[PDB]
$ cat entry12.cif   # mmCIF, N, CA, C and O atoms
data_upload
loop_
_atom_site.label_atom_id
_atom_site.label_comp_id
_atom_site.auth_asym_id
_atom_site.auth_seq_id
_atom_site.Cartn_x
_atom_site.Cartn_y
_atom_site.Cartn_z
N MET A 595 -26.51 -2.14 -10.44
CA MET A 595 -25.11 -2.62 -10.24
C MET A 595 -24.32 -2.63 -11.55
O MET A 595 -23.17 -2.26 -11.55
N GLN A 596 -24.94 -3.02 -12.66
CA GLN A 596 -24.23 -3.10 -13.95
C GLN A 596 -23.49 -1.84 -14.45
O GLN A 596 -22.41 -1.97 -15.00
N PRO A 597 -24.05 -0.61 -14.28
CA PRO A 597 -23.25 0.50 -14.81
C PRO A 597 -22.05 0.92 -13.93
O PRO A 597 -21.33 1.86 -14.26
N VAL A 598 -21.84 0.24 -12.81
CA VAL A 598 -20.75 0.60 -11.91
C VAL A 598 -19.47 -0.05 -12.40
O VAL A 598 -19.32 -1.26 -12.38
N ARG A 599 -18.52 0.78 -12.82
CA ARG A 599 -17.22 0.28 -13.25
C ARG A 599 -16.41 0.07 -11.97
O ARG A 599 -16.63 0.76 -10.96
N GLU A 600 -15.49 -0.88 -12.02
CA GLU A 600 -14.63 -1.17 -10.88
C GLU A 600 -13.67 0.00 -10.63
O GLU A 600 -13.41 0.80 -11.55
N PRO A 601 -13.15 0.14 -9.40
CA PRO A 601 -12.23 1.25 -9.16
C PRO A 601 -10.88 1.13 -9.87
O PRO A 601 -10.42 0.05 -10.23
N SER A 602 -10.24 2.28 -10.05
CA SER A 602 -8.94 2.36 -10.69
C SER A 602 -7.89 1.95 -9.67
O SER A 602 -8.13 2.04 -8.46
N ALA A 603 -6.75 1.48 -10.14
CA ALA A 603 -5.66 1.06 -9.26
C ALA A 603 -5.30 2.19 -8.28
O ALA A 603 -5.40 3.38 -8.63
N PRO A 604 -4.90 1.84 -7.05
CA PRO A 604 -4.55 2.90 -6.10
C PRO A 604 -3.32 3.69 -6.53
O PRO A 604 -2.49 3.21 -7.30
N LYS A 605 -3.24 4.91 -6.04
CA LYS A 605 -2.17 5.83 -6.41
C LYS A 605 -0.99 5.54 -5.50
O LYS A 605 -1.18 5.17 -4.35
N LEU A 606 0.23 5.68 -6.01
CA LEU A 606 1.41 5.35 -5.22
C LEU A 606 2.48 6.40 -5.46
O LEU A 606 2.99 6.54 -6.56
N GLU A 607 2.82 7.13 -4.40
CA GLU A 607 3.83 8.18 -4.49
C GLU A 607 5.14 7.76 -3.80
O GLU A 607 6.11 8.49 -3.81
N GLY A 608 5.13 6.57 -3.19
CA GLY A 608 6.32 6.03 -2.54
C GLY A 608 6.97 6.96 -1.52
O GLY A 608 8.16 7.24 -1.60
N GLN A 609 6.19 7.45 -0.56
CA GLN A 609 6.71 8.44 0.37
C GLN A 609 7.49 7.70 1.44
O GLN A 609 6.92 6.96 2.24
N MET A 610 8.80 7.89 1.41
CA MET A 610 9.71 7.16 2.29
C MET A 610 9.34 7.27 3.76
O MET A 610 9.01 8.35 4.26
N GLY A 611 9.43 6.14 4.45
CA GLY A 611 9.18 6.12 5.88
C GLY A 611 10.42 6.52 6.63
O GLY A 611 11.16 5.67 7.13
N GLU A 612 10.65 7.82 6.72
CA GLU A 612 11.77 8.40 7.46
C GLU A 612 11.59 8.08 8.95
O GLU A 612 12.52 8.10 9.73
N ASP A 613 10.35 7.74 9.28
CA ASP A 613 9.94 7.33 10.62
C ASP A 613 10.66 6.06 11.07
O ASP A 613 10.80 5.79 12.26
N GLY A 614 11.10 5.27 10.09
CA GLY A 614 11.76 4.00 10.36
C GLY A 614 10.76 2.87 10.57
O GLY A 614 9.68 3.07 11.12
N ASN A 615 11.13 1.67 10.12
CA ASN A 615 10.32 0.45 10.27
C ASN A 615 8.89 0.61 9.70
O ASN A 615 7.98 -0.14 10.08
N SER A 616 8.70 1.59 8.83
CA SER A 616 7.39 1.91 8.29
C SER A 616 7.50 2.64 6.94
O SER A 616 8.62 2.90 6.49
N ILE A 617 6.37 2.96 6.31
CA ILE A 617 6.33 3.72 5.04
C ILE A 617 4.92 4.29 4.80
O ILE A 617 3.95 3.75 5.35
N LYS A 618 4.80 5.34 4.00
CA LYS A 618 3.50 5.95 3.70
C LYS A 618 3.21 5.70 2.22
O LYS A 618 4.03 6.00 1.36
N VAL A 619 2.03 5.17 1.92
CA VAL A 619 1.62 4.94 0.52
C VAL A 619 0.27 5.64 0.41
O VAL A 619 -0.53 5.61 1.34
N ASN A 620 0.03 6.31 -0.71
CA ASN A 620 -1.20 7.10 -0.88
C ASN A 620 -2.37 6.18 -1.20
O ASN A 620 -2.20 5.09 -1.72
N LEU A 621 -3.55 6.63 -0.83
CA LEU A 621 -4.77 5.88 -1.04
C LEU A 621 -5.82 6.66 -1.81
O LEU A 621 -5.84 7.88 -1.78
N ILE A 622 -6.68 5.94 -2.51
CA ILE A 622 -7.79 6.55 -3.24
C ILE A 622 -8.66 7.32 -2.24
O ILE A 622 -8.98 6.81 -1.18
N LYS A 623 -9.03 8.55 -2.58
CA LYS A 623 -9.88 9.36 -1.70
C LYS A 623 -11.18 9.83 -2.36
O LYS A 623 -11.86 10.71 -1.84
N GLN A 624 -11.53 9.24 -3.50
CA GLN A 624 -12.74 9.62 -4.24
C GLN A 624 -13.32 8.40 -4.96
O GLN A 624 -12.72 7.33 -4.94
N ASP A 625 -14.47 8.56 -5.60
CA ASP A 625 -15.08 7.48 -6.37
C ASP A 625 -14.42 7.39 -7.75
O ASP A 625 -14.71 8.14 -8.66
N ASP A 626 -13.49 6.46 -7.86
CA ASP A 626 -12.73 6.26 -9.10
C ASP A 626 -13.58 5.61 -10.15
O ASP A 626 -13.33 5.69 -11.36
N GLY A 627 -14.56 4.89 -9.65
CA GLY A 627 -15.38 4.06 -10.49
C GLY A 627 -16.78 4.56 -10.65
O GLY A 627 -17.05 5.70 -10.99
N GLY A 628 -17.68 3.64 -10.41
CA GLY A 628 -19.11 3.90 -10.55
C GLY A 628 -19.81 4.04 -9.22
O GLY A 628 -20.97 4.42 -9.14
N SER A 629 -19.09 3.70 -8.17
CA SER A 629 -19.57 3.82 -6.80
C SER A 629 -18.33 4.05 -5.97
O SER A 629 -17.23 3.65 -6.39
N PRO A 630 -18.46 4.68 -4.79
CA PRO A 630 -17.25 4.87 -4.00
C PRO A 630 -16.68 3.57 -3.48
O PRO A 630 -17.36 2.53 -3.43
N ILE A 631 -15.41 3.62 -3.09
CA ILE A 631 -14.72 2.48 -2.54
C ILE A 631 -15.40 2.21 -1.19
O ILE A 631 -15.90 3.13 -0.56
N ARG A 632 -15.42 0.95 -0.75
CA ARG A 632 -15.96 0.59 0.56
C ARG A 632 -14.78 0.34 1.51
O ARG A 632 -14.76 0.88 2.61
N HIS A 633 -13.83 -0.48 1.08
CA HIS A 633 -12.68 -0.85 1.91
C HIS A 633 -11.38 -0.89 1.10
O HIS A 633 -11.41 -0.91 -0.13
N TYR A 634 -10.25 -0.92 1.79
CA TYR A 634 -8.95 -1.08 1.16
C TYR A 634 -8.26 -2.26 1.80
O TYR A 634 -8.44 -2.51 2.99
N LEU A 635 -7.49 -2.99 1.00
CA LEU A 635 -6.77 -4.17 1.47
C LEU A 635 -5.31 -4.02 1.04
O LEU A 635 -5.03 -3.75 -0.13
N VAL A 636 -4.38 -4.19 1.98
CA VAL A 636 -2.95 -4.08 1.68
C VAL A 636 -2.22 -5.35 2.11
O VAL A 636 -2.44 -5.84 3.21
N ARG A 637 -1.36 -5.88 1.25
CA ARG A 637 -0.61 -7.11 1.51
C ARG A 637 0.87 -6.80 1.29
O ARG A 637 1.21 -6.22 0.27
N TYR A 638 1.75 -7.16 2.21
CA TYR A 638 3.18 -6.84 2.06
C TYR A 638 4.07 -7.88 2.71
O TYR A 638 3.65 -8.56 3.63
N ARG A 639 5.29 -8.01 2.20
CA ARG A 639 6.26 -9.01 2.66
C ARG A 639 7.64 -8.41 2.52
O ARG A 639 7.84 -7.55 1.68
N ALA A 640 8.59 -8.87 3.33
CA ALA A 640 9.95 -8.36 3.29
C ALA A 640 10.93 -9.53 3.25
O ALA A 640 10.52 -10.69 3.33
N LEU A 641 12.21 -9.23 3.12
CA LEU A 641 13.24 -10.27 3.09
C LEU A 641 13.19 -11.12 4.36
O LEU A 641 13.27 -12.34 4.30
N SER A 642 13.05 -10.46 5.51
CA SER A 642 12.97 -11.13 6.81
C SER A 642 11.55 -11.17 7.40
O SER A 642 11.38 -11.58 8.55
N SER A 643 10.54 -10.75 6.64
CA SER A 643 9.17 -10.70 7.17
C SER A 643 8.13 -11.35 6.27
O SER A 643 8.20 -11.29 5.05
N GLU A 644 7.15 -11.97 6.91
CA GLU A 644 6.05 -12.69 6.25
C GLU A 644 5.14 -11.82 5.38
O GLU A 644 5.10 -10.59 5.51
N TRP A 645 4.36 -12.48 4.52
CA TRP A 645 3.29 -11.84 3.77
C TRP A 645 2.13 -11.54 4.71
O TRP A 645 1.32 -12.42 4.99
N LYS A 646 2.03 -10.31 5.18
CA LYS A 646 0.90 -9.91 6.02
C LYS A 646 -0.31 -10.01 5.10
O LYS A 646 -0.25 -9.53 3.97
N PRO A 647 -1.40 -10.66 5.54
CA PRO A 647 -2.51 -10.88 4.60
C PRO A 647 -3.33 -9.66 4.21
O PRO A 647 -3.62 -9.47 3.03
N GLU A 648 -3.71 -8.84 5.18
CA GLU A 648 -4.53 -7.67 4.92
C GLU A 648 -4.32 -6.59 5.97
O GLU A 648 -4.33 -6.88 7.17
N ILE A 649 -4.19 -5.35 5.53
CA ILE A 649 -4.27 -4.21 6.41
C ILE A 649 -5.55 -3.52 5.95
O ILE A 649 -5.64 -3.03 4.82
N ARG A 650 -6.54 -3.52 6.83
CA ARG A 650 -7.84 -2.91 6.58
C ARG A 650 -7.70 -1.43 6.48
O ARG A 650 -6.91 -0.90 7.22
N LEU A 651 -8.44 -0.77 5.61
CA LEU A 651 -8.67 0.67 5.78
C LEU A 651 -10.03 1.08 5.22
O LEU A 651 -10.51 0.47 4.26
N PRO A 652 -10.69 2.09 5.82
CA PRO A 652 -12.01 2.48 5.31
C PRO A 652 -11.91 3.37 4.08
O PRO A 652 -10.83 3.86 3.76
N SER A 653 -13.03 3.58 3.42
CA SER A 653 -13.10 4.42 2.23
C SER A 653 -12.57 5.84 2.43
O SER A 653 -11.99 6.42 1.53
N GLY A 654 -12.77 6.38 3.63
CA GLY A 654 -12.34 7.73 3.94
C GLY A 654 -10.92 7.84 4.48
O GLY A 654 -10.69 8.59 5.43
N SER A 655 -9.99 7.11 3.89
CA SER A 655 -8.59 7.15 4.33
C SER A 655 -7.76 7.64 3.15
O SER A 655 -7.67 6.97 2.14
N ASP A 656 -7.16 8.82 3.27
CA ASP A 656 -6.38 9.43 2.17
C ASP A 656 -5.04 8.74 1.92
O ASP A 656 -4.45 8.88 0.86
N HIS A 657 -4.56 7.99 2.90
CA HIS A 657 -3.29 7.29 2.77
C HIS A 657 -3.32 6.10 3.71
O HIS A 657 -4.22 5.97 4.54
N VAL A 658 -2.32 5.24 3.59
CA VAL A 658 -2.15 4.11 4.49
C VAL A 658 -0.70 4.14 4.94
O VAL A 658 0.22 4.28 4.14
N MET A 659 -0.51 4.03 6.25
CA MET A 659 0.82 4.03 6.84
C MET A 659 1.10 2.62 7.33
O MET A 659 0.45 2.14 8.27
N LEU A 660 2.04 1.94 6.69
CA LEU A 660 2.37 0.55 7.01
C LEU A 660 3.53 0.54 7.98
O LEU A 660 4.26 1.50 8.06
N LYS A 661 3.71 -0.57 8.69
CA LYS A 661 4.80 -0.74 9.65
C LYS A 661 4.99 -2.23 9.84
O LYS A 661 4.31 -3.01 9.17
N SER A 662 5.90 -2.62 10.72
CA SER A 662 6.24 -4.04 10.96
C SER A 662 6.72 -4.66 9.65
O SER A 662 6.23 -5.70 9.20
N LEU A 663 7.68 -3.97 9.05
CA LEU A 663 8.28 -4.33 7.78
C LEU A 663 9.77 -4.05 7.93
O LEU A 663 10.16 -3.30 8.83
N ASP A 664 10.59 -4.65 7.09
CA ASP A 664 12.03 -4.46 7.17
C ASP A 664 12.34 -3.04 6.71
O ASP A 664 11.70 -2.55 5.79
N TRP A 665 13.31 -2.39 7.32
CA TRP A 665 13.70 -1.05 6.89
C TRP A 665 15.11 -1.06 6.32
O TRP A 665 15.41 -0.36 5.36
N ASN A 666 15.97 -1.88 6.90
CA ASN A 666 17.36 -2.02 6.48
C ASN A 666 17.50 -3.12 5.43
O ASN A 666 18.61 -3.51 5.07
N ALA A 667 16.37 -3.63 4.95
CA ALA A 667 16.35 -4.66 3.93
C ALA A 667 15.17 -4.36 3.02
O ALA A 667 14.37 -3.47 3.31
N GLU A 668 15.09 -5.08 1.91
CA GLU A 668 14.08 -4.83 0.88
C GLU A 668 12.73 -5.48 1.20
O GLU A 668 12.66 -6.58 1.77
N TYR A 669 11.66 -4.80 0.81
CA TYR A 669 10.31 -5.32 0.98
C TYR A 669 9.41 -4.87 -0.16
O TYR A 669 9.70 -3.88 -0.83
N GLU A 670 8.34 -5.61 -0.38
CA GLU A 670 7.39 -5.34 -1.45
C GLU A 670 6.00 -5.14 -0.86
O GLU A 670 5.64 -5.76 0.15
N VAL A 671 5.22 -4.26 -1.47
CA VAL A 671 3.88 -3.93 -0.99
C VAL A 671 2.89 -3.97 -2.15
O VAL A 671 3.16 -3.41 -3.20
N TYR A 672 1.76 -4.63 -1.95
CA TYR A 672 0.66 -4.67 -2.92
C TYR A 672 -0.55 -4.07 -2.24
O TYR A 672 -0.80 -4.34 -1.07
N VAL A 673 -1.31 -3.26 -2.95
CA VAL A 673 -2.48 -2.60 -2.38
C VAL A 673 -3.61 -2.62 -3.42
O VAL A 673 -3.36 -2.43 -4.62
N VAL A 674 -4.83 -2.86 -2.96
CA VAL A 674 -6.02 -2.87 -3.81
C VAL A 674 -7.16 -2.14 -3.11
O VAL A 674 -7.16 -1.98 -1.88
N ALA A 675 -8.14 -1.73 -3.90
CA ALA A 675 -9.33 -1.07 -3.39
C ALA A 675 -10.49 -2.02 -3.62
O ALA A 675 -10.49 -2.78 -4.59
N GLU A 676 -11.47 -1.97 -2.75
CA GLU A 676 -12.66 -2.80 -2.87
C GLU A 676 -13.86 -1.87 -2.82
O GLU A 676 -14.16 -1.29 -1.78
N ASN A 677 -14.55 -1.71 -3.94
CA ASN A 677 -15.71 -0.84 -3.99
C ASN A 677 -16.92 -1.75 -3.85
O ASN A 677 -16.79 -2.96 -3.82
N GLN A 678 -18.10 -1.17 -3.73
CA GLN A 678 -19.30 -1.96 -3.46
C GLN A 678 -19.73 -2.93 -4.59
O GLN A 678 -20.65 -3.71 -4.41
N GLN A 679 -19.06 -2.88 -5.74
CA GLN A 679 -19.37 -3.79 -6.86
C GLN A 679 -18.19 -4.68 -7.32
O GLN A 679 -18.41 -5.65 -8.03
N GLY A 680 -16.96 -4.34 -6.94
CA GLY A 680 -15.80 -5.09 -7.39
C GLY A 680 -14.50 -4.54 -6.84
O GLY A 680 -14.52 -3.75 -5.89
N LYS A 681 -13.36 -4.94 -7.40
CA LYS A 681 -12.05 -4.53 -6.87
C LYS A 681 -11.17 -3.85 -7.91
O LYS A 681 -11.41 -3.94 -9.10
N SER A 682 -10.16 -3.15 -7.42
CA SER A 682 -9.25 -2.42 -8.30
C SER A 682 -8.12 -3.31 -8.74
O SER A 682 -7.85 -4.34 -8.13
N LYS A 683 -7.41 -2.89 -9.78
CA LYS A 683 -6.20 -3.59 -10.18
C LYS A 683 -5.21 -3.32 -9.07
O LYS A 683 -5.23 -2.24 -8.48
N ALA A 684 -4.34 -4.27 -8.79
CA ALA A 684 -3.31 -4.08 -7.78
C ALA A 684 -2.26 -3.11 -8.29
O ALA A 684 -1.98 -3.05 -9.49
N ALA A 685 -1.67 -2.38 -7.36
CA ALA A 685 -0.52 -1.54 -7.64
C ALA A 685 0.50 -2.04 -6.64
O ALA A 685 0.14 -2.40 -5.51
N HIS A 686 1.76 -2.09 -7.04
CA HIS A 686 2.82 -2.59 -6.18
C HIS A 686 4.08 -1.77 -6.28
O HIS A 686 4.39 -1.21 -7.33
N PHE A 687 4.82 -1.70 -5.18
CA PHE A 687 6.09 -0.99 -5.15
C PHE A 687 7.04 -1.72 -4.21
O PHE A 687 6.60 -2.47 -3.34
N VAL A 688 8.33 -1.50 -4.41
CA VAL A 688 9.38 -2.18 -3.66
C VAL A 688 10.26 -1.08 -3.06
O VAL A 688 10.48 -0.06 -3.72
N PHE A 689 10.74 -1.27 -1.84
CA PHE A 689 11.54 -0.24 -1.17
C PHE A 689 12.51 -0.79 -0.12
O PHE A 689 12.29 -1.87 0.43
N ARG A 690 13.55 -0.02 0.17
CA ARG A 690 14.53 -0.30 1.24
C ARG A 690 15.14 1.05 1.61
O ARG A 690 15.23 1.94 0.76
N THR A 691 15.58 1.21 2.85
CA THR A 691 16.20 2.46 3.32
C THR A 691 17.41 2.06 4.16
O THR A 691 17.79 0.89 4.16
N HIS A 692 18.03 3.02 4.84
CA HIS A 692 19.20 2.77 5.71
C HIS A 692 20.34 2.07 4.95
O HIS A 692 21.05 1.24 5.50
N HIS A 693 20.51 2.43 3.69
CA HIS A 693 21.54 1.84 2.83
C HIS A 693 22.67 2.84 2.59
O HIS A 693 23.35 2.81 1.57
N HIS A 694 22.85 3.75 3.54
CA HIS A 694 23.91 4.74 3.46
C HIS A 694 25.25 4.04 3.64
O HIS A 694 25.38 3.13 4.46
N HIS A 695 26.26 4.47 2.89
CA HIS A 695 27.59 3.89 2.98
C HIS A 695 28.61 5.01 2.88
O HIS A 695 28.35 6.04 2.26
N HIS A 696 29.76 4.81 3.51
CA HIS A 696 30.84 5.79 3.51
C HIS A 696 31.42 5.91 2.09
O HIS A 696 31.71 4.90 1.45
N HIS A 697 31.55 7.15 1.64
CA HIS A 697 32.15 7.49 0.36
C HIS A 697 32.93 8.75 0.70
O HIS A 697 33.77 9.21 -0.10
#

$ encode --input "entry12.cif" --output "structure tokens"
Amino acid sequence: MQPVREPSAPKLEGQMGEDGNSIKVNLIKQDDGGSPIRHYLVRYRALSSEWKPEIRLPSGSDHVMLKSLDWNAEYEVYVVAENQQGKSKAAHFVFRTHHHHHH
């Protein structure tokens, strides 16, 4: 267990949820550390929405698609990886869409 370094923070490309009420954030797809990731945990909150505690994902998930979040208002997302020996540093991003205005 000792030579296993913890995983690196998850990757974030901020791929806009054109789908509406949702968004796509990239996920680790390889062994960043000393052992592969086991699970992923995502926590997010919006201006009008609660801090969802965890969105589960398995090690073999290239991305995570979140939903039940504000789209016409601002929201924040935190995501971490959990490998068989420890956890990754959190990565976080903030987003809002549908902010088009007449010009």

$ residues_around --input "entry12.cif" --residues "stretch 643-654 of chain A" --least-positions-apart "2" --cutoff "7 Å" --atoms "all atoms listed in the file" --output "PyMOL selection string"
chain A and resi 622-624+630-641+656-657+662-664+668+674

$ closest_residue --input "entry12.cif" --among "A:603, A:608, A:621, A:628" --to "residue A:678" --atoms "all atoms listed in the file"
A:628

$ residues_near_point --input "entry12.cif" --point "(9.2, -0.9, -2.1)" --cutoff "7 Å" --atoms "only N, CA, C and O atoms" --output "VMD selection string"
chain A and resid 668 to 671 686 to 690

$ atom_distance --input "entry12.cif" --atom1 "atom N of residue A:691" --atom2 "atom N of residue A:665"
6.2 Å

$ select_by_dssp --input "entry12.cif" --residues "chain A" --states "strand (DSSP E)" --output "JSON, numbers by chain"
{"A": [616, 617, 618, 619, 620, 631, 632, 633, 634, 635, 636, 637, 638, 639, 640, 646, 647, 648, 649, 650, 651, 652, 657, 658, 659, 660, 661, 669, 670, 671, 672, 673, 674, 675, 676, 677, 685, 686, 687, 688, 689]}

$ resolve_selection --input "entry12.cif" --expression "the PyMOL selection byres ((chain A and resi 600) around 8)" --output "number ranges by chain"
A: 595-599, 601-603, 625-629, 675, 677-683

$ closest_residue --input "entry12.cif" --among "A:661, A:618, A:692, A:605" --to "residue A:673" --atoms "all atoms listed in the file"
A:605

$ atom_distance --input "entry12.cif" --atom1 "atom C of residue A:609" --atom2 "atom N of residue A:655"
17.7 Å

$ atom_distance --input "entry12.cif" --atom1 "atom CA of residue A:693" --atom2 "atom CA of residue A:667"
8.4 Å

$ axis_aligned_box --input "entry12.cif" --around "stretch 633-645 of chain A" --padding-each-side "3 Å" --output "AutoDock Vina command-line options"
--center_x -0.3 --center_y -6.6 --center_z 4.2 --size_x 33.1 --size_y 18.2 --size_z 14.7

$ closest_residue --input "entry12.cif" --among "A:604, A:610, A:660, A:685" --to "residue A:672" --atoms "only N, CA, C and O atoms"
A:685

$ decode --input "entry12.cif" --residues "stretch 616-641 of chain A" --atoms "C-alpha atoms" --output "PDB file, in the first residue's frame"
ATOM      1  CA  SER A 616     -27.347  19.599 -16.964  1.00  0.00           C
ATOM      2  CA  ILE A 617     -23.579  19.734 -17.804  1.00  0.00           C
ATOM      3  CA  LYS A 618     -20.711  17.392 -18.840  1.00  0.00           C
ATOM      4  CA  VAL A 619     -17.477  17.323 -16.797  1.00  0.00           C
ATOM      5  CA  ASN A 620     -14.576  15.035 -17.758  1.00  0.00           C
ATOM      6  CA  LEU A 621     -13.432  12.203 -15.533  1.00  0.00           C
ATOM      7  CA  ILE A 622     -10.162  10.378 -14.905  1.00  0.00           C
ATOM      8  CA  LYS A 623      -9.954   7.318 -17.193  1.00  0.00           C
ATOM      9  CA  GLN A 624      -6.566   5.855 -16.165  1.00  0.00           C
ATOM     10  CA  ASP A 625      -4.395   5.145 -13.103  1.00  0.00           C
ATOM     11  CA  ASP A 626      -3.198   8.646 -12.188  1.00  0.00           C
ATOM     12  CA  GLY A 627      -1.589   7.353  -9.098  1.00  0.00           C
ATOM     13  CA  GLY A 628      -0.174   4.136  -7.843  1.00  0.00           C
ATOM     14  CA  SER A 629      -3.338   2.108  -8.263  1.00  0.00           C
ATOM     15  CA  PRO A 630      -6.399   2.722 -10.416  1.00  0.00           C
ATOM     16  CA  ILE A 631      -9.306   4.780  -9.154  1.00  0.00           C
ATOM     17  CA  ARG A 632     -12.097   2.718  -7.539  1.00  0.00           C
ATOM     18  CA  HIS A 633     -14.928   5.287  -7.379  1.00  0.00           C
ATOM     19  CA  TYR A 634     -15.731   8.943  -8.130  1.00  0.00           C
ATOM     20  CA  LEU A 635     -17.676  11.327  -5.925  1.00  0.00           C
ATOM     21  CA  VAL A 636     -19.278  14.578  -7.161  1.00  0.00           C
ATOM     22  CA  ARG A 637     -20.848  17.298  -4.974  1.00  0.00           C
ATOM     23  CA  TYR A 638     -22.683  20.331  -6.439  1.00  0.00           C
ATOM     24  CA  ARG A 639     -24.982  23.207  -5.401  1.00  0.00           C
ATOM     25  CA  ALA A 640     -26.745  26.048  -7.204  1.00  0.00           C
ATOM     26  CA  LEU A 641     -28.329  29.394  -6.342  1.00  0.00           C
TER      27      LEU A 641
END
